[PDB]
Amino acid sequence: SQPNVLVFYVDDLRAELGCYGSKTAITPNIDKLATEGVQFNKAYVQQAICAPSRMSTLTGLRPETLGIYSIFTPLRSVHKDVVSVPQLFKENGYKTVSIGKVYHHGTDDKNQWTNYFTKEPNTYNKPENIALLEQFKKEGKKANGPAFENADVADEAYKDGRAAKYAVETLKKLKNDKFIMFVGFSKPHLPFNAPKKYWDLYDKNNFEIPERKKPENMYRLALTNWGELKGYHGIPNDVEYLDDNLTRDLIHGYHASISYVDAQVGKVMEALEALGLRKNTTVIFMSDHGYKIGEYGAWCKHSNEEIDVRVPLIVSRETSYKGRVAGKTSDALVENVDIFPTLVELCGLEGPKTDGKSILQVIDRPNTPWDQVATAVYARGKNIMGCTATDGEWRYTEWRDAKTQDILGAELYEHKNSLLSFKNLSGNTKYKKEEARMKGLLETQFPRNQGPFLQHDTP
Ligand SMILES: [Ca+2]
């Protein structure tokens, strides 16, 4: 029994989901999937930006193995030989399907997909936004539209409703073949463009506004100035903090976008059920990184903060699997770089060298004692590399000279009962033991005596 695999890969989604205890998000379909599988409460990405995270997941290698830490370098523009998920699965007789945003750069492994539906550009459906963009074009400006939109339109008026349609159609086409399918939903990546009915699930005035406070004694480059959001029309670019109203509009759009994607997940799951595929298809729900919607008064991703590195991850084994677990959580420390070797083991394949490990054991036995650490990186240009570790309770981050490995700053954040911490405890005499333990874990992954970090990003 080799199962099929269906992966919902959601862009820019932190665990803002009912099943993860969100008191705000309305996510009935994803919550139902969690009642049918194992929910990982301590899952972490290897860099909190799209391109490195996704190529790391799709190759089972960490960003610091690939040397790619920014957004302008397709995997295959540097590393043509490392074996990826679609390559390995296609060679092993599976149909391989990419819908929506899977690799950040759609050219990567394009020929390794037997069925390929490109990620699509953003759509603004409100005539006012269409007119803004028209006035840009008749002004010579390439500039973004607004950061969100709430048009009173059918689901297929934005790209994720279309992705769901392609997934439903392709499941019908491939129903008697072994397949692995990635359905890459793009929201809630900016702009937060989703139909009105999903906005109408929320009142912007109900959202709590996060405190406009940076962590005390943070490293100076711990957080960005959220250039990504500043690029959208209507976002002031000259202020530390956004106002309450705009903050609420953005929080509202992120939530509306999540509920929109939740409905699209439901459509694909309904087709999987109607086609009789649930009996032999494992379903994975995952994200490329976390996100900030006003936390620390900041926005977007692009850090080693807990809120940016922690992601949802739900795995539901096919319904014919005798050992399947449903409706249980796992606190095992797991990584997105583990997904590829997990799939290798699940589908009985011989896989390539990997920087992760299979978590199939924990999918079947969620309380199995598991790993001591999960690690990530984040580059601040070519000269500075942040490297971070969590044990599930504390996060420890060193910002190093990327050549010499010297520490430029260090951070220690407690995360026992919150994804946020407002106090860097590094150097605090009360936390010497925690700092030493976390530093040892970090240094095992990131030695100081093996030379510079690899650097392979290109223009
Ligand atoms: Ca992303």
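In what follows, residues are counted from 1 in the order of the sequence shown.
Counting only distance, with no hydrogens or angles, the side chain of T397 and the backbone of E411 share no donor-acceptor pair below 3.5 Å. Between the side chain of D288 and the backbone N or O of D11, no donor-acceptor pair lies under 3.5 Å. Of the possible polar contacts, one joining the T27 side chain to the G18 backbone as a donor-acceptor pair under 3.5 Å is found. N125 places a side-chain N or O within donor-acceptor distance of the main-chain N or O of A157, the cut-off being under 3.5 Å. Side chain of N424 to backbone of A410: a donor-acceptor contact under 3.5 angstrom is found. At least one donor-acceptor pair closer than 3.5 Å links the side chain of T114 to the backbone N or O of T96. Checking side-chain atoms of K32 against main-chain N and O of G266 turns up no donor-acceptor pair under 3.5 Å. Put simply, the side chain of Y202 gets close to the backbone of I26: a donor and an acceptor are under 3.5 Å apart. When atom types are taken as modelled, the side chain of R14 and the backbone of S287 share no donor-acceptor pair closer than 3.5 angstrom. At least one donor-acceptor pair under 3.5 Å links the side chain of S330 to the backbone N or O of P366.
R395 CZ to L419 CG: the interatomic distance, rounded to the nearest 0.5 Å, is 10.0 Å. Once rounded to the nearest 0.5 Å, the distance linking CG of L221 with OG of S303 reads 11.5 Å. We find the CG-CG distance between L246 and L229 to be 7.5 Å, quoted to the nearest 0.5 Å. Rounding to the nearest 0.5 Å places CG of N29 at 10.5 Å from NZ of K267. Rounding to the nearest 0.5 Å places CD1 of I314 at 12.5 Å from CD1 of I363. Atom CG of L223 sits about 5.5 Å away from atom CE of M218, to the nearest 0.5 Å.
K423 and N217 share no donor-acceptor pair across their side chains, judged by distance under 3.5 Å alone. Using modelled atom types and a 3.5 Å distance limit, the side chains of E318 and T281 yield no donor-acceptor pair. Between the side chains of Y44 and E306, at least one donor N or O sits under 3.5 Å from an acceptor N or O. Side chain to side chain, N115 and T170 fail the donor-acceptor criterion of an N or O pair below 3.5 Å. No side-chain donor from either of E414 and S421 sits under 3.5 Å from a side-chain acceptor of the other.
Between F207 and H255, the ring planes lie tilted relative to each other; the angle falls in the 30° to 60° range. The aromatic rings of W113 and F182 lie perpendicular to each other, with more than 60° between the two planes, well past the 30° mark. Using cut-offs of 30° and 60° for the angle between ring planes, the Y158 and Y260 rings count as perpendicular. Ring planes of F285 and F8: tilted class, angle from 30 to 60°. Using bins of under 30°, 30° to 60° and over 60° for the plane-to-plane angle, the ring pair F148/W199 lands in the tilted bin.
The 12-atom threshold is not exceeded at CD of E208, counting heavy atoms of other residues, nucleotides or ligands nearer than 6.0 Å. Residue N205 places its CG atom among more than 12 non-hydrogen atoms of other residues, nucleotides or ligands, all under 6.0 Å distant.
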Please determine whether salt bridge (charged side-chain N to carboxylate O under 4.0 Å, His left out) holds for the pair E335 and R62, giving the CA-CA distance in whole Å, both sets of side-chain angles, and the decisive distance to 0.1 Å. CA-CA 10 Å; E335 293 178 304; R62 297 167 188 281; 2.8 Å; yes
Report the C-alpha distance between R212 and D244 in whole Å, list the side-chain angles of each, state the deciding distance to 0.1 Å, and finish with yes or no for salt bridge (charged side-chain N to carboxylate O under 4.0 Å, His left out). CA-CA 10 Å; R212 286 142 179 137; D244 288 359; 2.7 Å; yes
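Ring to ring, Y291 and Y254 are close: their centroids are under 6.0 angstrom apart. Checked against a 6.0 Å centroid threshold, the rings of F179 and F89 do not count as neighbours.
Evaluated for a salt bridge (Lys or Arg N to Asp or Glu O under 4.0 Å) with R162, the options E169, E120, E156 yield exactly one hit, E120.
Judged by the 6.0 Å distance and 45° axis criteria, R54 is positioned over the aromatic ring of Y9.
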